[PDB]
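Novice:
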Amino acid sequence: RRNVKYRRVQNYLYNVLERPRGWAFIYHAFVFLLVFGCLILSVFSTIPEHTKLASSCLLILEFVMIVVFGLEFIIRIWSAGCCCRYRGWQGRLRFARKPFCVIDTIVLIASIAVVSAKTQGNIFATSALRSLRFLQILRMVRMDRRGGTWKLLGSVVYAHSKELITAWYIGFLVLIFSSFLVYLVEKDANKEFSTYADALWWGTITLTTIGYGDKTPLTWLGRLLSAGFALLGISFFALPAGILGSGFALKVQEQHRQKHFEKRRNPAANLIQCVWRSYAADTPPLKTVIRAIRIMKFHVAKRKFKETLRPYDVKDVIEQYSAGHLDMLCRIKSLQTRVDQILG
Amino acid sequence: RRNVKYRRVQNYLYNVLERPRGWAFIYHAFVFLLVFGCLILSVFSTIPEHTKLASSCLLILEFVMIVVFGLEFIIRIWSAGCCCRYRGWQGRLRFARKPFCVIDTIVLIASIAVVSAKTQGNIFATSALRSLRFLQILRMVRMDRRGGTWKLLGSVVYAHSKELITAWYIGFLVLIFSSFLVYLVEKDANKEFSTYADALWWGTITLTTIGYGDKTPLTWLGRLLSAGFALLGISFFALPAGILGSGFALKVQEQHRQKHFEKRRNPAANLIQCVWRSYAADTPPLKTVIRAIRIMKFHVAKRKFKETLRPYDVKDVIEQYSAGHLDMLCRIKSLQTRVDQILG
Amino acid sequence: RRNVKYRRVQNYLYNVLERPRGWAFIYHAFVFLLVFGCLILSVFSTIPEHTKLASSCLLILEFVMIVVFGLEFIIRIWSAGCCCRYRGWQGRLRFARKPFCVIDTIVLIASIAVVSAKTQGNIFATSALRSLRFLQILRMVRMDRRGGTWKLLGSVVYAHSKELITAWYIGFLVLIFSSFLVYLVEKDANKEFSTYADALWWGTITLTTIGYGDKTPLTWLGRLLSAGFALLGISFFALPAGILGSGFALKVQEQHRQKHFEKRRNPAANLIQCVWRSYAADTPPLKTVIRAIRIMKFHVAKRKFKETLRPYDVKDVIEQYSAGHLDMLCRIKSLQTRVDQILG
Amino acid sequence: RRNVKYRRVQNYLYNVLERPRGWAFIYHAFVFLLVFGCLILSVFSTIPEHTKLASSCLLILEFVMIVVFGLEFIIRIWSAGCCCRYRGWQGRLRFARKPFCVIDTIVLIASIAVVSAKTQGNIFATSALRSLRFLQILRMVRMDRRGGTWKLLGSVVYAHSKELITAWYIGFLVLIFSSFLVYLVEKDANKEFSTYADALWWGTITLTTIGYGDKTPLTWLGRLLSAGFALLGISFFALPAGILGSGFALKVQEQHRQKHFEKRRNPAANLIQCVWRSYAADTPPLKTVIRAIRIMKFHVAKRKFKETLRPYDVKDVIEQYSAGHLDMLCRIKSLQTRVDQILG
Amino acid sequence: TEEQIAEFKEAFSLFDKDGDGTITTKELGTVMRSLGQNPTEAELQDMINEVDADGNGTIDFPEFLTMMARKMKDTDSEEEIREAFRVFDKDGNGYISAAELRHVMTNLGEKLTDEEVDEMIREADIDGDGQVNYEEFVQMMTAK
Amino acid sequence: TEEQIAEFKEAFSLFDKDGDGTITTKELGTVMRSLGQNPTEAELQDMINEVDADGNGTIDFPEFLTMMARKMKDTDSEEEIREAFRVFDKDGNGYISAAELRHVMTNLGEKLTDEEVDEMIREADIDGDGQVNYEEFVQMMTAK
Amino acid sequence: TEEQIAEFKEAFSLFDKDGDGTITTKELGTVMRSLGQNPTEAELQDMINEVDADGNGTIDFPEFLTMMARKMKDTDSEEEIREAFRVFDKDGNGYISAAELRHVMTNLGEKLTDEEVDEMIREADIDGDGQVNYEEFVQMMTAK
Amino acid sequence: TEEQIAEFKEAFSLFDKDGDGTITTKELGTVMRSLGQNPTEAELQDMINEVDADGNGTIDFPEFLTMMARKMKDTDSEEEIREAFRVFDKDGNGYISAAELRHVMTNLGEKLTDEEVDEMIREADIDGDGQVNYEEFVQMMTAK
């Protein structure tokens, strides 16, 4: 019973750590807050008036973070043995060779060295701690598995590359032209439109709707031109956010519809059954022939799985309809051929 | 005739109050304005120059609100007897046990106590009234039935959780990096970029397009970096609004298409007919057997209703197509089997 | 030949005026610019430094506008006789009874009276002209036929009423809470957060991303709270624009797909043919019976047209599929019944 | 072998230059940066304090740009001979007659003349160089083939013309009304709301969310009106960006679905085969008749290609379904006619 | 009034042919068979569904009286006929071409005899380069 | 308890008719054939799938005991019946019309005898202009 | 001109074979049957619809004269043939592979004899590692 | 090497049975008919399409040598088998239940004998409350 409970608790910990799902996310949320708090405290340590209490709080929270993080590292290393891929000392070393595991252990060691340096309290140590207080963000970086956020953003951006390039190109042209016209009408009356660089800064601040107010047109012709070009360029500069948001929402809807279905179940069952038959396969030459046939079927099932790796889409339903229509049509052709042979 | 008119007017009042539809919303709109007005007046009572007339208007409007609200409470309690679920004194007590009904009655009592305290006009009473003038907003809170707005927002946010997290994560990274670079290039020339916290405040104000103007880069390198990072981070920070708006619109379109259809009509008819048969069911042991059979059919119809609670979607139409295709194919298989038996 | 050319030119003018299409829009664009110019000039007449030349230009442009507009009014009245619905003096009077025609003629008369008053140049006349220079915008108002823009906006808003109400409600709650917290943390250090009304003004300016900068938090805790609540509430306040834009785009796509098809052609042909048969219908009692039958068919075709007034949608294609499936299934049922009778 | 390698390298260079795809875009990206850098340097040459080093850097970069650009021009002219359409000296002249090729060569000549004038260093030459430093942007302009960005923007804008006009019209009305009301309530207390033009400028700055802060309402009634009209008009002014972004995303999704399919393959094969048959076609009068028949089939295949130039859409799948349904129905009609003849 | 009701009663005498007072599918099927209109069960049932409102399949005498007492010269009839004609309009010029209408009437919808095609060609003005407006047609057929 | 189990055992004695202890498709098909209910293989198999959870096609005696020991007077039954009735509600007024229910019951869903239509018409109050509420019906049928 | 019209008339003499002056479905069906091209009613009717514009089913002599007097060496023909060839292009390199074209021509579209496959293989340059450009093919076939 | 090629040649001697050197549909259909595997034309043709790359329908001897010389103990095989097993995973706990796998193997996909079900039940550890991990199965079957 001891082995069963050991493996069950190991699997539960490996689940809550490496493959979060549902309430497990709670834990990660907690750790995120912790990291975030540290960052905030670091930001509050750069303010000369608040540096004292912020530094003390950062020391206490740095200790707490060290304890909790090392505990998490040890628990993750232990729970890596839930799956036999990382079982044993060799398997644990293979787990420790993962890039994010090595990133976590160097972050831990850097934090330990930071604590030791603060205990020493040297000037070079103080500069090193000020520089290395930023390393904690790497943990937050580790959260998205294999850069999922970056991959999703890149996929959506690349899908809409032409539209984004169009929006930015026309917005840049509008910016240049509007800045030049406002510069021409505002040269002599406004001292903040002395050069074209000033007008370009004003146009960038205006068409982005930032509106600092450090530069503003004072002449009425300048204000009319600013209003018209503001309407145009403001419409143009907000375009990328709308394009990307609508693309994200459409992708989410498509993923929901796709997930709703299920495709790889049959190829997975075929792979499992052919693997089982090949495993059970081992005159004796005829038995070896059967083994080869089973391995051949295994390779076919593997290729079918590989080709079904692609998710469902409109072409899949279209070709399913085509297959059904062709089957019906050919079967009715055979039926009427038989019926006319009967009549003939 | 008196009972019929009594029940009809009770149903009409219960409809306009508890289940608004069409012109009934007018009434609710009116009450909303009333509540809103009170809030505005309270806001105008905190201004020392306008506190006198605002307080007098708030007293008069508080009285009017008391009269109208108590009238609405009494009418709602009376109209709760339209449905037999809340008929009788026990049913009216059960209606009064509803959480929003008890919230409404404690709000009423608090307003009455506020009026009484103003009649007394004590200093502690004055502080209590200043604190409790905010309780009226709970009525406005009661409007969405069972937190419909919160549930809709949560559903849409959870559906797009990965995209929102991606947008916020990349925007936060852009904010950090841009603030650090602008801080580096603006340290010595600008006194409002003295610390990294100042640069972070500037970056938060800039990338959100708020643009207060209290902090702005003065160096030309700082302005170039600000322009580029402004374009990038501004695109990133507006992403959640676009994502959620497109998700809301897609959900509205899907709901329109779904509502267009009708699914639960047949299971509802089955439930009604089996309930009626079981009701009419009550050798005598054979009649009891028939009663048990009818209750069994009732349970099956109930389970069918429960499984059809889910609304229409792409899987429903796909499986309907699959059923139709399979029926056609099998029927033609039988047809050609018969025809080849005839020919054979 | 004179009558044919007369009617053709009348139809061409009525087309370019009342039912613009393609290059005809050019003309309307021109008139729009003219009206817009007048408005701009009026705006430039309120500036004391520019009032002289702006008033002179407005007089000249007012004359030009009078000439062109009266010409357009006369041409529209003349071209109303293209269709026999407005032919003759009675038909022209019926055309002149249209609400926008009477609006146009009162605008013309008001402009003529304005010119006459300027010729008189009285003080009361000057005030009347200053007040009535705004009436020209009614022409621009006349452009959308029967308030098409208002109807489209209302339809889309009503379709998304729940989502917009959710967005505004949660945004208002976030505004209230954030303003209260920033007021609490900014009471003693900032003189522009003296009262809660000041904090509410700041929150409204901030969460809308207007960012005037007249009120800004100076304390670091206030800045942190402002940043967090800014991210949240800014996401919330931009939601209605995204929701409505995505709704508009989805409606445009649906309208494109719907228009792509054609539904009312067959009911229109049925109506035309039954009208023709009834017209040609006029023993004699049997002929009267045939006339009654043709009028009966005409009423049926009219009802079919009325029910097909609704545009295509998902229910139409679904019911077409259902009809096709049922026809196939019943026909195959009959086929196999015949085949089993043959075998039996 | 020399000819084969010559043609292969010519094709590779013509591909990377005129028809970029994949890693070839890298090169274009590089050139874009170069052009962009020049522009930035020109902007930095208008600043009097930075004009010296910026001018020196612009001279060096102008030289580098000249060398690289002339090299690109020569390589493009040479690689134009990859396709036989531009082979030979006549073909190279025809290639040089392309509008963007002539634009590139006049840009090159203008840059050479600019360098020569700087070598001369005349005052009129200095003014000419200051004016003509902007010509480089024409290269960046050349990037989109035949104004693809402009055509895409125009198509999407025209598709959503009614919605954009509605949004702008209602936003303009809200702007006018809100500006007038704020002007009325702010006339006497605020010196920046002296005239209605000032109020219109404030409303334009506010409803666009620019928020310069140069004009802001100081009275509390003005602030309440500003808040309400700000919510309304801000929702209205951001509408075009959302509409156009959602339209772009929907168009991208539709293009993905359309591209997923393939339509013109069969008409292309038909055109190729009929062209081949007509080519091979050349009693002898009968052979000429066969040649005419093959040319007739070629014309039919050409017309089929022209009609299939239109991309896939909902009407195509609908008519495919209609054809399949009609084929099934008619075939079953024939089948049952035969079966009833057998039974009869 | 009296002439109208007399005509209605003398028509219904032949329509019903007995004291039943109701018209069945066969009751009017015989009428269309006498005129050679080739009645069909589907079209007759669709007509039946176009009169009744309860689905009982029987045309009530009060329902017939109510539905027939009113005339076809209604306000919305003009708009509906105008829209139906506009369905077959090219570029929205308010005219129906000779060739276009000749093709549409015979081919699209229920077929029409070419004799009646020559009839409506000669009924309208042959002048105007073979172009006829349809608004006057709607005006004259709405009020009869 | 004792009366309940005695009734259940005496009912299952006729339901099973032997010592098998399990009911097959034919075992209850004979029961419905005796009552003239016209049993069908598809509906019987759908009922079978509505009891078992393993797909073996046999109704287990412990499964029958568990599924039958509980009563139909559950809390969620009232809500489900209320929603089912609301499916056939017009404008959400909480009443079922005489004509509307008369049409729906006989036509929609499984057909019902007009005798039972008169039965439920006379069972409810004939007053109230022929309008009957259904909430009391749900209340009385949920708890029996 | 004179040679062209003489050739056209002597061809139409065999095409028509009498004084009718019009070609029916059977009129050219006999021509394709003489050459063993296996004419079909569907393809013949599709060809007929590809010439006429009124739908009457008869090819008018003036229509034939107009459609045939013009030549196939038009400007847009080059672009259309270029696009058709580009449909069967890999990576947009402007060349058609020997194996790719050999498979596509015989399998895709109307089948072609392998004899003509060897014919076009030997017609083009066998050098170049079995790769042939198609732009020159479009150039030579557009202007003949 | 020598043992491997000797085994391959002695297997292909029975596979081919003559000097043709190629396997047709009937050539292996006879092999599966001898073993009672019920060969089918569709599955045999699908297998044929799974080996060749030119579509000629003949399995080339060099193609067989290349495809067979490589072994199934590849790196991506482990990932593909892991994903296939994960397809039949509940809540992603990395284990396959006894009842779940027993139902899936026999019912879903190609049917399996219950004898082999008892075989794999007894092959794995009967302890652990009837739960068996599949990662070790992938590890042992990937490298054999």
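Protein chains in written order, with the entry's author numbering: chain B, 103 to 384, 515 to 576; chain A, 103 to 384, 515 to 576; chain D, 103 to 384, 515 to 576; chain C, 103 to 384, 515 to 576; chain H, 6 to 149; chain E, 6 to 149; chain G, 6 to 149; chain F, 6 to 149.
All C-beta atoms, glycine included, are put in the ideal place defined by N, C-alpha and C.
#1: In chain I, which residues lie less than 7 Å from A/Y271 when you measure between Cβ atoms?
#2: Counting beta carbon pairs with one atom in the segment 158-178 of chain A and one in the segment 135-149 of chain A, are three or more of them shorter than 8 Å?
#3: List the residues of chain C that B/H262 touches, going by C-beta distances under 8 Å, in chain order.
#4: Cβ closer than 7 Å: which chain D residues qualify as neighbours of B/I149?
#5: Against chain D, with Cβ distances strictly below 9 Å, would A/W378 count as a contact?
#6: Just how far apart, CA to CA, sit E/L106 and A/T540?
#7: Measuring CB to CB, does D/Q112 end up less than 9 Å from D/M167?
#8: Output the boundary residues of the alpha helix (DSSP H) element that contains A/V137.
#9: What distance in whole Å lies between the Cβ atoms of H/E46 and D/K534, which are believed to be in contact at a cut-off of 8 Å?
#10: List, from N- to C-terminal side, the alpha helix (DSSP H) runs of 4 residues or more that fit wholly inside the segment 178-243 of chain A.
#11: Give me the residue from D/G273, D/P319, D/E294 with the minimum Cα distance to D/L309.
#12: At which residues does the alpha helix (DSSP H) containing H/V137 begin and terminate?
#13: Name the residues in the segment 301-312 of chain A whose C-beta lies less than 9 Å from a C-beta of chain C; which are they?
#14: Please classify C/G344 as buried or exposed, where buried requires at least 16 neighbouring CB atoms within 10 angstroms.
#15: Which residue from B/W303, B/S257, B/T148, B/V204 puts its Cα closest to that of B/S229?
#16: Could you give the C-beta distance for G/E140 and G/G99, rounded to a whole number, given that I count them as a contact under 8 Å?
#17: With a 10 Å radius around its C-beta and 16 neighbouring C-beta atoms as the bar for buried, classify H/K78 as buried or exposed.
#18: Helix or strand or just coil, what does DSSP make of B/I162?
#19: Between A/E364 and chain B, is any beta-carbon pair separated by less than 9 Å?
#20: Do you know how far the Cα of C/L115 is from the Cα of C/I179?
#21: Just to confirm, are A/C376 and A/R526 a CB contact at a threshold of 9 Å?
#22: Would you say D/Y116 faces chain B, with C-beta separation under 9 Å as the test?
#23: Does A/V145 come within less than 9 Å of chain D when only Cβ atoms are used?
#24: For D/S296, does the three-state DSSP call read helix, strand or coil?
#25: Identify whether C/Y553 lies in helix, strand or coil by the three-state DSSP scheme.
#26: Could you check where the alpha helix (DSSP H) with F/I101 kicks off and where it finishes?
#27: Compare the beta carbon distance of B/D572 and B/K365 with 9 Å and say whether it is the shorter of the two.
Specialist: This is what the structure gives:
#1: No chain I appears in the structure shown, which is made up of the protein chains B, A, D, C, H, E, G and F.
#2: Taking 8 Å as the limit for Cβ pairs, the verdict is that the segment 158-178 of chain A does touch the segment 135-149 of chain A.
#3: Counting from 1 along the first sequence, the entry for residue 262 of chain B is found at position 160. Near B/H262 (Cβ distances below 8 Å), the residues of chain C are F350, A351, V354.
#4: Translated into the one-based positions of the first sequence, residue 149 of chain B becomes position 47. Near B/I149 (Cβ distances below 7 Å), the residues of chain D are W322.
#5: Reading the second sequence from its first residue, position 276 is the one you call residue 378 of chain A. No, no contact with chain D.
#6: Counting from 1 along the sixth sequence, the entry for residue 106 of chain E is found at position 101. Counting from 1 along the second sequence, the entry for residue 540 of chain A is found at position 308. Whole-angstrom Cα-Cα distance: 22 Å.
#7: As a first step, residue 112 of chain D is located in the third sequence; it is residue number 10 there, counting from the start. As a first step, residue 167 of chain D is located in the third sequence; it is residue number 65 there, counting from the start. Not in contact: D/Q112 and D/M167 (Cβ atoms no closer than 9 Å).
#8: For the purposes of this step, residue 137 of chain A is taken as the residue at position 35 of the second sequence. Going by DSSP, A/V137 is part of the alpha helix (DSSP H) stretching over 126-147.
#9: Taking the third sequence and counting its residues from 1, the one referred to as residue 534 of chain D is at position 302. Taking the fifth sequence and counting its residues from 1, the one referred to as residue 46 of chain H is at position 41. Actually they are not in contact, since the Cβ atoms of D/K534 and H/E46 sit about 23 Å apart, beyond 8 Å.
#10: The segment 178-243 of chain A contains these whole alpha helix (DSSP H) runs: 190-198, 201-222, 225-234.
#11: Your numbering for residue 309 of chain D matches position 207 in the third sequence. The option with the nearest alpha carbon to D/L309 is D/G273.
#12: If you number the fifth sequence from 1, residue 137 of chain H lands on position 132. Taken as a continuous stretch (DSSP letters only), H/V137 belongs to no alpha helix (DSSP H), being part of the beta strand (DSSP E) at 136-138.
#13: Of all residues in the segment 301-312 of chain A, those with a C-beta nearer than 9 Å to a C-beta of chain C are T311, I312, reading in chain order.
#14: On the fourth sequence, position 242 is the one that residue 344 of chain C refers to. Label assigned to C/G344: buried.
#15: Position 127 of the first sequence, counted from the start, is the residue given in the question as residue 229 of chain B. B/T148 is the residue among B/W303, B/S257, B/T148, B/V204 whose C-alpha sits nearest the C-alpha of B/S229.
#16: Along the seventh sequence, read from residue 1 onward, the residue named residue 140 of chain G stands at position 135. Along the seventh sequence, read from residue 1 onward, the residue named residue 99 of chain G stands at position 94. The pair is a contact, with the Cβ atoms about 6 Å apart (cut-off 8 Å).
#17: Position 73 of the fifth sequence, counted from the start, is the residue given in the question as residue 78 of chain H. Per the 10 Å Cβ criterion, exposed.
#18: Translated into the one-based positions of the first sequence, residue 162 of chain B becomes position 60. Under the three-state reduction of DSSP, B/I162 is assigned to helix.
#19: In the second sequence, counting from the first residue as 1, residue 364 of chain A sits at position 262. No, A/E364 lies away from the interface with chain B (no Cβ there is under 9 Å from its Cβ).
#20: Within the fourth sequence, numbered from 1, the residue matching residue 179 of chain C stands at position 77. Within the fourth sequence, numbered from 1, the residue matching residue 115 of chain C stands at position 13. Cα-Cα distance, rounded: 10 Å.
#21: As a first step, residue 376 of chain A must be located in the second sequence, where it is residue number 274. As a first step, residue 526 of chain A must be located in the second sequence, where it is residue number 294. Yes, the Cβ-Cβ distance between A/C376 and A/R526 is below 9 Å.
#22: Reading the third sequence from its first residue, position 14 is the one you call residue 116 of chain D. Output row for D/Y116: interface = no.
#23: Reading the second sequence from its first residue, position 43 is the one you call residue 145 of chain A. Contact with chain D is found for A/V145, since one of that chain's Cβ atoms lies less than 9 Å from the residue's Cβ.
#24: The sequence position of residue 296 of chain D within the third sequence is 194, counting from 1. If DSSP states are grouped into helix, strand and coil, D/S296 belongs with coil.
#25: Indexing the fourth sequence from 1 puts residue 553 of chain C at position 321. C/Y553 carries a helical assignment under DSSP once its states are collapsed to helix, strand and coil.
#26: On the eighth sequence, position 96 is the one that residue 101 of chain F refers to. From DSSP, F/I101 is part of no alpha helix (DSSP H) but of the beta strand (DSSP E) over 100-102.
#27: Within the first sequence, numbered from 1, the residue matching residue 572 of chain B stands at position 340. Within the first sequence, numbered from 1, the residue matching residue 365 of chain B stands at position 263. Taking the C-beta atoms as reference points, B/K365 is found no nearer than 9 Å to B/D572.
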